[PDB]
């Protein structure tokens, strides 16, 4: 099976990520993740913190996953693109998820909290089976760094 594990880092993110074990019944390939804070995107590159730690497992083994823009991220009011096309995250990374978002416009752009700009897709485009939202400071073995 293919399972995702998301743990909020800040207490602000915990309001959007309450603990549960969602079964992905409707076969949605992507896992939407929230902007847990209001943010102003200046023209050019922006580093957007997602306030979450993510691990994805395939066949009982930790695997990589992809960060992809949602159709909602780019509109006529805000020309936003992911800087690196799609973000690849290796299974060894156990830190906070960060986005590189380019504001192609010439004026600052405001994004509001609860807005989902990106989605997480597992390596090989495997549809997830469960999406576990772990509580804030649960010590999870998949989030322990393992220098190779």
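In this text, the rigid core denotes the largest set of C-alpha atoms whose superposition between the two forms falls within 1.5 Å. Residue numbers count along the first chain shown, from 1.
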Between 19 to 27 and 121 to 129, the one drifting more in C-alpha RMS in 5 other deposited structures of this protein once the core is aligned is 19 to 27
Between 133 to 141 and 8 to 16, which has the larger RMS C-alpha deviation from this form in 5 other deposited structures of this protein after core superposition? 133 to 141
For the stretches 31 to 39 and 98 to 106, which has the higher mean C-alpha B-factor as given in the deposited record? 31 to 39
Would you tell me which stretch averages the higher CA B-factor in the PDB entry, 22 to 30 or 63 to 71? 22 to 30
